[PDB]
Amino acid sequence: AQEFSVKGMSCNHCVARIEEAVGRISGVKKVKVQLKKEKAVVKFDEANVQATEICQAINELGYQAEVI
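Rules used throughout
- Residues numbered from 1 in each chain as written, not as in the entry; some residues may be left out.
- Heavy atoms only, no water.
- Helix = DSSP H or I, 4+ residues; strand = E, 2+ residues; numbered from the N terminus.
- Buried < 20%, exposed > 50% of the residue type's maximum accessible area, 1.4 Å probe, protein only.
- Contact = heavy atoms within 4.5 Å.
- Pairing = 2+ DSSP bridges.
- Axes fitted to C-alpha atoms, helices over the stretch in contact; angles between N-to-C directions.
- Core = buried A, V, L, I, M, F, W, Y, C linked by side-chain atoms within 4.5 Å.
- Disulfide = S-S within 2.5 Å.

Judging from the entry metadata, solution NMR is the method by which this structure was determined.

This is the structure:
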């Protein structure tokens, strides 16, 4: 699975917002986030969506996301 680094976290429902915001990506099966890590794990497929696009879904929130 692909992962992305977050450099705009606040630690206030963000982790969730991101995780959920990601899981909202039509193509992701399951996604998680690890605080104090600055990285989010995604469990999707390129046959549905691309990680790169998933990163956008994150940036589309209000933080700094980048495909690791």
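1. Considering the environment of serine 26
Within the secondary structure layout, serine 26 lies in the loop between α1 (14-23) and β2 (28-34). According to the relative accessible area criterion, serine 26 is exposed, its value standing at 60%. Taking C-alpha positions, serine 26 is 16 Å from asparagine 59, a pair spaced 33 residues apart along the chain. Beyond its immediate sequence surroundings of up to four residues, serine 26 is in contact with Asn48 and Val49.

2. Description of the sheet that holds β2
Here four strands make up an open sheet; going across it, the order is β2-β3-β1-β4 and the pairing antiparallel. Strands with a single pairing partner mark the edges of an open sheet, and in this sheet they are β2 and β4 (65-67). Direction aside, neighbouring strands of the sheet carry axes that sit 25 degrees apart on average. Sheet topology note: the strand β1 (residues 3-6)/strand β3 (residues 39-44) ladder contains two bridges and is antiparallel.

3. Remarks on the nonpolar core
Counting residues in each nonpolar core, the largest one holds 20 residues, and the members touching the most others are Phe4, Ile18, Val22, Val42, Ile54 and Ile58. Among the secondary structure elements, those contributing two or more residues to this core are β1, α1, β2, β3 and α2 (51-59). The element best represented in this core is α2, accounting for five residues. Each residue touching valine 22, except ones within four places of it in the same chain, is listed here: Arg17, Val28, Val31, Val42, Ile54 and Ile58.

4. Side note on the state of the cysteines
Tallied over the full model, the rule gives zero disulfides. Residue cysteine 55 stays outside any disulfide, its sulfur separated by 15 Å from that of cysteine 14, the closest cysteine.

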